[PDB]
Amino acid sequence: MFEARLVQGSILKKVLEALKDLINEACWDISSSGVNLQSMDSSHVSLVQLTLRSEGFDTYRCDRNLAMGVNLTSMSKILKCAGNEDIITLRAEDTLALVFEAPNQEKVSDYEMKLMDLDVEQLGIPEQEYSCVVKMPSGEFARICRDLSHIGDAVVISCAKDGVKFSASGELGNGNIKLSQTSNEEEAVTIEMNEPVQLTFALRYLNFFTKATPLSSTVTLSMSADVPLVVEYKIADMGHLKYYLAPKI
Amino acid sequence: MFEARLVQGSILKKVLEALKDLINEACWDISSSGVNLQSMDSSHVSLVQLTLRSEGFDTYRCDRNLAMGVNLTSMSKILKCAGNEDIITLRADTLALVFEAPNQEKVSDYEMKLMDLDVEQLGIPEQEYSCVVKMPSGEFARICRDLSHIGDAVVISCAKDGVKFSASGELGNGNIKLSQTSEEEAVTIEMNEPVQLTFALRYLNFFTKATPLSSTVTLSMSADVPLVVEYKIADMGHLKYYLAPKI
Amino acid sequence: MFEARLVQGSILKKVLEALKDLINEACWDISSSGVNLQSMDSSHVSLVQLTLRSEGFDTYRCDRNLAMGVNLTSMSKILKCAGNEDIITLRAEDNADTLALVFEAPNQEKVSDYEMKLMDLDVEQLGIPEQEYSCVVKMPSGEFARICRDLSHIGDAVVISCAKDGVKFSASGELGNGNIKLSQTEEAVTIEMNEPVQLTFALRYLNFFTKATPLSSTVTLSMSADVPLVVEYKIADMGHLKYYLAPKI
Amino acid sequence: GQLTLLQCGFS
Amino acid sequence: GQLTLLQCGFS
Amino acid sequence: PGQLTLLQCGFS
């Protein structure tokens, strides 16, 4: 018996939109502490980590630890049947029930999604400290990645103490975008770094990551020389959604 | 000489938008009492019945009865050339449509070709229904669209205090339970004898294109008889849809 | 050295959207008096003439007459990376095969440099025969666009007959025929006319023209017996976008 | 699977 | 029978 | 060398 009641159900809708484009199928580790998800994509180039603390739910029970393998494309498709103001319950007792209560309480929706059997495979995250940390509006990071993807396939990220630069080159020319550190709510840009860093990443994966933009007004970039990028979105007060991206040479 | 003036012209656009996908071509019966359209779909699995009373227009003159064969897709294409708050005049082997802007300073005139095709006289048997469900047209559209992402067919189970919609498919199965409410936004169940019937979501999704015409919808059922879905156009008439069941 | 700063950068965005669909590649005549663009389409039935006065720019410097050959499709794709309220600077250096475009975010500290490749072309010197018109019609650009899209769902060609009474647009086609009659009343319809004129034009090309509709609330139609139509949109107070369309017998 | 209206008493 | 602009005195 | 994988960056 697992059952978790989420009043602001749009969170689950958004989380699966942030995952389906990158991961077709993944394994949910449910426990008393909450729900937890880690998976690399097929090409082993990126890693997504989902954390939802049980305290962020309005009701939570979990008798034994479970590990549900779910086709995320199927679960996303079911969650699109839920309204944005619905209250959503995940329930399990080889099937995953999802119950969508309209705000009225006169409409109730029950979906039973078949589960799938997956190889549980433990991911080793090496331990790592980051020179450069960039905090910036999530909406502008989305626009930066989307625009430069119309110029090239890869973006060169150069962080200096006073500003960060995004560059791409392609067959119709090349462009760069410079953000300065602000001195200003949730549209500020603040850099805290040690000494200059330059890394090259694939815009293809970054635009997968930015499907998480509806989850937060800000986004956090963590970098160091020759180590994967981390982009993390904080979910309201329940957890986060981290993406790791290996660099290009 | 036939001539009918409709002030809130948007009605016609919505009506044809409700017919074009289900009936490719149909025959309009004009008379002194108003307009009427009946047609089965190609596969004889559904039927649409349209009623527009002459009293609902602001000018109406039909000295004698007509039978116009119209390509509905052709007629839909033309009505999208009318604005949403425009005033529409139908005049009548050609069918004229006249579009008056609000200010009556832009005016449009279209002559539509007709079709020589035979008017149908369909026999609808007399029936009334174990279950009648009245509910917002929006909720019912959404119910059909959601379950169509799960299966191709929906099982409707009417009991006295609630109605259940079920589908099943490759990726799982779903159910939607509606309770009696207790406004304009009510859900009403009136049951004599419980009923469960199975219908094709494809045709229901054709039907709910009439949603812009009315805030509510009425569902009528009985054992082994076609479903009826009825939308009431403002106070001028209705659009009834019949759908035979599966089993 | 060419440099032109445009505060209302949206003008460039709109101008390119109105040009790319008709002209694949064109030559910018840059001079001290401003920017200037002329081209016939491939099939030689229409001509577009663009005017941007140097006085219309916040800043304008042009050390010598230039003739920059630009891929308009490529330039539209770069201008799509600019926001609608961005400040846009064009800059052409010493010699370079590149035209720089700079997008200044208005509110925050964000700046974007794009370097576009240029192409060499000989400027077509086009002769416009010298002409004055029987009928001149001025009317809202929104209604003219909607007129053209509507009538194109009936036929390939439109018949324009203005009387100082009113102007009539007619089309016939595979499902019937329709006409639209405009009467004399931003919001107004104005006719200034001579002898009656009736001309037939291809709705395909006019719907290319109305791609310029976002540039102005009104549009001017100029006709005379057996001579090409002129469709003109005034750009805010710096210039215009003129279109010529030959008639059909 | 699917019935027609002609199998439901219509004409 | 669409004319070209070169058939209307243009070059 | 191209694009690295996370396994080439010390991950498992």
# chains A, B, ... in the order shown; residues from 1 in each chain; ligands from 1

$ calpha_fit_and_write --fixed "chain D" --moving "chain E" --output "mmCIF file with N, CA, C and O atoms, in the first residue's frame"
data_model
loop_
_atom_site.group_PDB
_atom_site.id
_atom_site.type_symbol
_atom_site.label_atom_id
_atom_site.label_comp_id
_atom_site.auth_asym_id
_atom_site.auth_seq_id
_atom_site.Cartn_x
_atom_site.Cartn_y
_atom_site.Cartn_z
ATOM 1 N N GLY E 1 -18.172 -4.828 -33.048
ATOM 2 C CA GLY E 1 -19.525 -5.204 -33.411
ATOM 3 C C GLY E 1 -20.495 -4.041 -33.297
ATOM 4 O O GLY E 1 -21.520 -4.150 -32.622
ATOM 5 N N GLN E 2 -20.211 -2.950 -34.009
ATOM 6 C CA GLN E 2 -21.060 -1.769 -33.947
ATOM 7 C C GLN E 2 -22.335 -2.034 -34.730
ATOM 8 O O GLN E 2 -22.288 -2.494 -35.875
ATOM 9 N N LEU E 3 -23.475 -1.756 -34.107
ATOM 10 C CA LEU E 3 -24.737 -1.866 -34.810
ATOM 11 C C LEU E 3 -24.964 -0.620 -35.652
ATOM 12 O O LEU E 3 -24.432 0.458 -35.374
ATOM 13 N N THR E 4 -25.765 -0.779 -36.694
ATOM 14 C CA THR E 4 -26.243 0.356 -37.459
ATOM 15 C C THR E 4 -27.618 0.755 -36.948
ATOM 16 O O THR E 4 -28.306 -0.018 -36.277
ATOM 17 N N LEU E 5 -28.005 1.992 -37.256
ATOM 18 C CA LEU E 5 -29.326 2.456 -36.852
ATOM 19 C C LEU E 5 -30.437 1.634 -37.493
ATOM 20 O O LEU E 5 -31.509 1.475 -36.897
ATOM 21 N N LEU E 6 -30.203 1.087 -38.692
ATOM 22 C CA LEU E 6 -31.207 0.228 -39.311
ATOM 23 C C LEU E 6 -31.409 -1.061 -38.528
ATOM 24 O O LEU E 6 -32.447 -1.711 -38.682
ATOM 25 N N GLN E 7 -30.446 -1.434 -37.689
ATOM 26 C CA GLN E 7 -30.564 -2.581 -36.801
ATOM 27 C C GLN E 7 -31.198 -2.225 -35.460
ATOM 28 O O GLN E 7 -31.272 -3.087 -34.576
ATOM 29 N N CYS E 8 -31.651 -0.979 -35.286
ATOM 30 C CA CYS E 8 -32.338 -0.540 -34.076
ATOM 31 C C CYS E 8 -33.737 -0.029 -34.385
ATOM 32 O O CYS E 8 -34.317 0.703 -33.579
ATOM 33 N N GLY E 9 -34.288 -0.403 -35.539
ATOM 34 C CA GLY E 9 -35.623 -0.011 -35.932
ATOM 35 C C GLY E 9 -35.723 1.244 -36.778
ATOM 36 O O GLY E 9 -36.845 1.654 -37.104
ATOM 37 N N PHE E 10 -34.599 1.858 -37.158
ATOM 38 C CA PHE E 10 -34.608 3.047 -38.003
ATOM 39 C C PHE E 10 -34.678 2.658 -39.478
ATOM 40 O O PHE E 10 -34.412 1.517 -39.860
ATOM 41 N N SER E 11 -35.012 3.638 -40.313
ATOM 42 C CA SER E 11 -35.014 3.448 -41.762
ATOM 43 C C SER E 11 -34.484 4.704 -42.472
ATOM 44 O O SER E 11 -34.470 4.798 -43.705
#

$ closest_residue --among "B:175, B:32, B:121, B:220" --to "chain D" --atoms "only C-alpha atoms"
B:121

$ residues_around --residues "segment 71-88 of chain C" --least-positions-apart "3" --cutoff "6 Å" --atoms "only C-alpha atoms" --output "PDB file with N, CA, C and O atoms, in the first residue's frame"
ATOM      1  N   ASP A 147      17.198  30.012 -28.714  1.00  0.00           N
ATOM      2  CA  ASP A 147      17.714  30.882 -29.771  1.00  0.00           C
ATOM      3  C   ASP A 147      19.016  30.339 -30.350  1.00  0.00           C
ATOM      4  O   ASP A 147      19.152  30.190 -31.571  1.00  0.00           O
TER       5      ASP A 147
ATOM      6  N   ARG C   5      21.354  52.325 -35.364  1.00  0.00           N
ATOM      7  CA  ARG C   5      20.684  51.916 -34.138  1.00  0.00           C
ATOM      8  C   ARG C   5      19.192  52.198 -34.258  1.00  0.00           C
ATOM      9  O   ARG C   5      18.789  53.333 -34.525  1.00  0.00           O
ATOM     10  N   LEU C   6      18.378  51.173 -34.035  1.00  0.00           N
ATOM     11  CA  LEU C   6      16.930  51.266 -34.191  1.00  0.00           C
ATOM     12  C   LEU C   6      16.283  50.904 -32.863  1.00  0.00           C
ATOM     13  O   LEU C   6      16.396  49.761 -32.403  1.00  0.00           O
ATOM     14  N   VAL C   7      15.623  51.875 -32.235  1.00  0.00           N
ATOM     15  CA  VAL C   7      15.013  51.613 -30.937  1.00  0.00           C
ATOM     16  C   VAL C   7      13.816  50.683 -31.094  1.00  0.00           C
ATOM     17  O   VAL C   7      13.700  49.669 -30.397  1.00  0.00           O
ATOM     18  N   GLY C   9      13.021  48.173 -32.637  1.00  0.00           N
ATOM     19  CA  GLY C   9      13.547  47.036 -33.367  1.00  0.00           C
ATOM     20  C   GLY C   9      12.512  46.118 -33.982  1.00  0.00           C
ATOM     21  O   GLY C   9      12.799  45.413 -34.955  1.00  0.00           O
ATOM     22  N   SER C  10      11.301  46.111 -33.424  1.00  0.00           N
ATOM     23  CA  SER C  10      10.236  45.286 -33.983  1.00  0.00           C
ATOM     24  C   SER C  10       9.997  45.592 -35.458  1.00  0.00           C
ATOM     25  O   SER C  10       9.545  44.719 -36.208  1.00  0.00           O
ATOM     26  N   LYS C  13      12.048  43.249 -37.465  1.00  0.00           N
ATOM     27  CA  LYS C  13      11.423  41.933 -37.409  1.00  0.00           C
ATOM     28  C   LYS C  13      10.262  41.854 -38.392  1.00  0.00           C
ATOM     29  O   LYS C  13      10.205  40.949 -39.233  1.00  0.00           O
ATOM     30  N   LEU C  16      11.288  42.134 -42.268  1.00  0.00           N
ATOM     31  CA  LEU C  16      11.818  40.892 -42.819  1.00  0.00           C
ATOM     32  C   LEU C  16      10.734  39.838 -43.018  1.00  0.00           C
ATOM     33  O   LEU C  16      10.758  39.107 -44.017  1.00  0.00           O
ATOM     34  N   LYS C  20      10.690  38.027 -46.633  1.00  0.00           N
ATOM     35  CA  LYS C  20      11.259  36.695 -46.833  1.00  0.00           C
ATOM     36  C   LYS C  20      10.362  35.830 -47.715  1.00  0.00           C
ATOM     37  O   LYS C  20      10.853  35.075 -48.562  1.00  0.00           O
ATOM     38  N   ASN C  24      13.851  35.852 -51.848  1.00  0.00           N
ATOM     39  CA  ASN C  24      14.786  34.932 -51.208  1.00  0.00           C
ATOM     40  C   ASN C  24      16.098  35.621 -50.835  1.00  0.00           C
ATOM     41  O   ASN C  24      16.684  35.331 -49.786  1.00  0.00           O
ATOM     42  N   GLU C  25      16.564  36.539 -51.672  1.00  0.00           N
ATOM     43  CA  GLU C  25      17.863  37.169 -51.499  1.00  0.00           C
ATOM     44  C   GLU C  25      17.773  38.552 -52.115  1.00  0.00           C
ATOM     45  O   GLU C  25      17.195  38.714 -53.190  1.00  0.00           O
ATOM     46  N   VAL C 102      22.932  43.440 -33.357  1.00  0.00           N
ATOM     47  CA  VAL C 102      23.051  43.488 -31.907  1.00  0.00           C
ATOM     48  C   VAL C 102      21.678  43.735 -31.319  1.00  0.00           C
ATOM     49  O   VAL C 102      20.981  44.669 -31.732  1.00  0.00           O
ATOM     50  N   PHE C 103      21.284  42.878 -30.380  1.00  0.00           N
ATOM     51  CA  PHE C 103      19.970  42.906 -29.750  1.00  0.00           C
ATOM     52  C   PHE C 103      20.187  43.282 -28.291  1.00  0.00           C
ATOM     53  O   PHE C 103      20.751  42.497 -27.523  1.00  0.00           O
ATOM     54  N   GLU C 104      19.770  44.488 -27.918  1.00  0.00           N
ATOM     55  CA  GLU C 104      19.887  44.962 -26.547  1.00  0.00           C
ATOM     56  C   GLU C 104      18.570  44.740 -25.813  1.00  0.00           C
ATOM     57  O   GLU C 104      17.553  45.355 -26.158  1.00  0.00           O
ATOM     58  N   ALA C 105      18.595  43.884 -24.798  1.00  0.00           N
ATOM     59  CA  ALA C 105      17.446  43.769 -23.917  1.00  0.00           C
ATOM     60  C   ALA C 105      17.156  45.134 -23.300  1.00  0.00           C
ATOM     61  O   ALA C 105      18.090  45.867 -22.956  1.00  0.00           O
ATOM     62  N   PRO C 106      15.884  45.526 -23.192  1.00  0.00           N
ATOM     63  CA  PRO C 106      15.563  46.868 -22.684  1.00  0.00           C
ATOM     64  C   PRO C 106      15.685  47.003 -21.172  1.00  0.00           C
ATOM     65  O   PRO C 106      16.200  48.012 -20.678  1.00  0.00           O
TER      66      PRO C 106
END

$ residues_around --residues "residue 117 of chain C" --least-positions-apart "2" --cutoff "7 Å" --atoms "only C-alpha atoms" --output "ChimeraX atom specification"
/A:172-173 /C:97-99,115,119

$ write_last_selection --atoms "N, CA and C atoms" --output "PDB file, in the first residue's frame"
ATOM      1  N   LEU A 172      24.782  29.643 -40.904  1.00  0.00           N
ATOM      2  CA  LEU A 172      24.332  30.985 -41.258  1.00  0.00           C
ATOM      3  C   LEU A 172      25.007  32.081 -40.443  1.00  0.00           C
ATOM      4  N   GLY A 173      25.969  31.737 -39.607  1.00  0.00           N
ATOM      5  CA  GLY A 173      26.739  32.712 -38.878  1.00  0.00           C
ATOM      6  C   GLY A 173      26.961  32.233 -37.470  1.00  0.00           C
TER       7      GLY A 173
ATOM      8  N   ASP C  97      32.790  40.445 -44.872  1.00  0.00           N
ATOM      9  CA  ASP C  97      31.791  39.580 -45.419  1.00  0.00           C
ATOM     10  C   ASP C  97      30.692  39.327 -44.455  1.00  0.00           C
ATOM     11  N   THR C  98      30.691  40.064 -43.345  1.00  0.00           N
ATOM     12  CA  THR C  98      29.689  39.912 -42.307  1.00  0.00           C
ATOM     13  C   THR C  98      28.974  41.222 -41.998  1.00  0.00           C
ATOM     14  N   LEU C  99      27.700  41.082 -41.635  1.00  0.00           N
ATOM     15  CA  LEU C  99      26.856  42.154 -41.122  1.00  0.00           C
ATOM     16  C   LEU C  99      26.482  41.776 -39.700  1.00  0.00           C
ATOM     17  N   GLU C 115      26.646  37.493 -35.824  1.00  0.00           N
ATOM     18  CA  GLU C 115      27.452  37.816 -36.998  1.00  0.00           C
ATOM     19  C   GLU C 115      26.902  37.010 -38.166  1.00  0.00           C
ATOM     20  N   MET C 119      26.718  37.834 -48.875  1.00  0.00           N
ATOM     21  CA  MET C 119      26.950  37.294 -50.207  1.00  0.00           C
ATOM     22  C   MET C 119      27.111  38.429 -51.213  1.00  0.00           C
TER      23      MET C 119
END

$ closest_atom_pairs --of "chain B" --to "chain C" --cutoff "10 Å" --atoms "only C-alpha atoms" --output "CSV"
residue,atom,partner,partner_atom,distance
B:71,CA,C:175,CA,9.3
B:74,CA,C:175,CA,6.6
B:75,CA,C:175,CA,8.7
B:77,CA,C:153,CA,7.5
B:78,CA,C:153,CA,7.8
B:79,CA,C:150,CA,9.9
B:80,CA,C:150,CA,8.1
B:81,CA,C:150,CA,5.5
B:82,CA,C:150,CA,8.9
B:94,CA,C:176,CA,8.5
B:95,CA,C:176,CA,9.4
B:96,CA,C:178,CA,9.3
B:97,CA,C:178,CA,9.1
B:98,CA,C:178,CA,9.5
B:99,CA,C:180,CA,9.2
B:103,CA,C:185,CA,9.6
B:104,CA,C:183,CA,9.1
B:105,CA,C:183,CA,5.5
B:106,CA,C:182,CA,5.1
B:107,CA,C:181,CA,5.7
B:108,CA,C:180,CA,4.5
B:109,CA,C:179,CA,5.3
B:110,CA,C:178,CA,4.0
B:111,CA,C:177,CA,5.5
B:112,CA,C:176,CA,4.8
B:113,CA,C:176,CA,5.5
B:114,CA,C:175,CA,8.9

$ residues_around --residues "residue 42 of chain C" --least-positions-apart "5" --cutoff "10 Å" --atoms "only C-alpha atoms" --output "ChimeraX atom specification"
/C:22-24,47

$ atom_distance --atom1 "atom CA of residue 216 of chain B" --atom2 "atom CA of residue 192 of chain B"
21.7 Å

$ closest_atom_pairs --of "chain F" --to "chain A" --cutoff "6 Å" --atoms "only C-alpha atoms" --output "JSON lines"
{"residue": "F:2", "atom": "CA", "partner": "A:249", "partner_atom": "CA", "distance": 5.5}
{"residue": "F:3", "atom": "CA", "partner": "A:248", "partner_atom": "CA", "distance": 4.3}
{"residue": "F:4", "atom": "CA", "partner": "A:248", "partner_atom": "CA", "distance": 5.8}
{"residue": "F:5", "atom": "CA", "partner": "A:45", "partner_atom": "CA", "distance": 4.4}
{"residue": "F:6", "atom": "CA", "partner": "A:45", "partner_atom": "CA", "distance": 5.3}
{"residue": "F:11", "atom": "CA", "partner": "A:124", "partner_atom": "CA", "distance": 5.4}
{"residue": "F:12", "atom": "CA", "partner": "A:124", "partner_atom": "CA", "distance": 4.4}

$ residues_around --residues "segment 226-231 of chain C" --least-positions-apart "5" --cutoff "9 Å" --atoms "only C-alpha atoms" --output "list in words"
residues 46, 131, 133, 197, 198, 199, 201, 206, 209, 210, 219, 220, 221, 241, 242, 243, 244, 245, 246, 247 and 249 of chain C; 5 and 8 of chain E

$ interface_residues --of "chain B" --to "chain A" --cutoff "6 Å" --atoms "only C-alpha atoms" --output "list in words"
residues 146, 172, 173, 174, 175, 176, 177, 178 and 179 of chain B

$ write_last_selection --atoms "N, CA and C atoms" --output "PDB file, in the first residue's frame"
ATOM      1  N   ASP B 146     -10.850  12.832 -23.026  1.00  0.00           N
ATOM      2  CA  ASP B 146      -9.909  12.157 -22.143  1.00  0.00           C
ATOM      3  C   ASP B 146      -9.928  10.653 -22.382  1.00  0.00           C
ATOM      4  N   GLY B 172      -3.697   1.041 -20.545  1.00  0.00           N
ATOM      5  CA  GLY B 172      -4.376   0.919 -19.267  1.00  0.00           C
ATOM      6  C   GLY B 172      -5.881   1.024 -19.397  1.00  0.00           C
ATOM      7  N   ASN B 173      -6.554   1.454 -18.334  1.00  0.00           N
ATOM      8  CA  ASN B 173      -7.985   1.712 -18.425  1.00  0.00           C
ATOM      9  C   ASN B 173      -8.352   2.850 -17.482  1.00  0.00           C
ATOM     10  N   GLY B 174      -9.441   3.527 -17.805  1.00  0.00           N
ATOM     11  CA  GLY B 174      -9.850   4.689 -17.045  1.00  0.00           C
ATOM     12  C   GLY B 174     -11.340   4.677 -16.785  1.00  0.00           C
ATOM     13  N   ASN B 175     -11.724   5.358 -15.711  1.00  0.00           N
ATOM     14  CA  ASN B 175     -13.123   5.517 -15.359  1.00  0.00           C
ATOM     15  C   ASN B 175     -13.345   6.947 -14.913  1.00  0.00           C
ATOM     16  N   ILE B 176     -14.515   7.478 -15.231  1.00  0.00           N
ATOM     17  CA  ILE B 176     -14.924   8.783 -14.743  1.00  0.00           C
ATOM     18  C   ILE B 176     -16.300   8.613 -14.127  1.00  0.00           C
ATOM     19  N   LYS B 177     -16.427   8.991 -12.863  1.00  0.00           N
ATOM     20  CA  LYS B 177     -17.673   8.875 -12.118  1.00  0.00           C
ATOM     21  C   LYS B 177     -18.217  10.282 -11.930  1.00  0.00           C
ATOM     22  N   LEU B 178     -19.415  10.526 -12.450  1.00  0.00           N
ATOM     23  CA  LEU B 178     -20.149  11.759 -12.191  1.00  0.00           C
ATOM     24  C   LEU B 178     -21.264  11.507 -11.185  1.00  0.00           C
ATOM     25  N   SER B 179     -21.336  12.356 -10.163  1.00  0.00           N
ATOM     26  CA  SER B 179     -22.411  12.364  -9.179  1.00  0.00           C
ATOM     27  C   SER B 179     -23.429  13.450  -9.505  1.00  0.00           C
TER      28      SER B 179
END

$ closest_residue --among "A:90, A:118, A:235, A:50" --to "residue 70 of chain A" --atoms "only C-alpha atoms"
A:118
